[PDB]
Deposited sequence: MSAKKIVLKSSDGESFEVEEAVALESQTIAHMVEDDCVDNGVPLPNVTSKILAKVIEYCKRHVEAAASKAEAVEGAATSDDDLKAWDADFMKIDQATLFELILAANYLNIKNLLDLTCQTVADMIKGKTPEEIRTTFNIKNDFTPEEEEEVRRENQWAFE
C-alpha cells in the first residue's frame, strides 16, 4: 500500500504491536460513512489502541467518538454493564460525586 502517510508513525519513519485483523482495518480506513464503526466492542478498543500507536488522528477521533456515544444516555449502572466496570466507590465517596454533580446545571 501507498495511504500510509495518514499514519504519523510512518511519516516520522523516513509494526510488532498491531495484529493483522486490526492493521487490515486500519488500512481499510485510510482509503481516502460511520458504518465502519459497526464493529464489536473488543476490536473497537483494539482499534483505538492501534490508532493512537500508529498516530492516525482522524481514526482515533472517530473511534473514541463512538465510545462517547456508547456512554451517552446511559445510567451509571448501565455504563458499568456496557464496559464491564467494577463500582469502585464507598457509599460515602459516591454520594460525594453525586453531591458534586449538583453544582452544575444540566
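The chain's deposited sequence has unresolved stretches at 1-17, 20-21, 34-43, 62-86, with no C-alpha coordinates there.
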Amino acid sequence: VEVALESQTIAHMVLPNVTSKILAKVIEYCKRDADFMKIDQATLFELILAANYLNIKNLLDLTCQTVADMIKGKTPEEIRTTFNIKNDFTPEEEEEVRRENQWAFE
From here on, numbers count along this sequence of modelled residues.
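Modelled in this chain, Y53 is likewise resolved in all the other entries of the protein that span it on both sides, not missing from even a third of them. Judged by the one-third criterion across other entries of this protein, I85, modelled here, is also modelled in every one of those that cover both its neighbours. Once the C-alpha B-factors are averaged per stretch, 23-31 and 68-76 rank with 23-31 first. Higher mean CA temperature factor between 5-13 and 81-89: 5-13, per the PDB entry.
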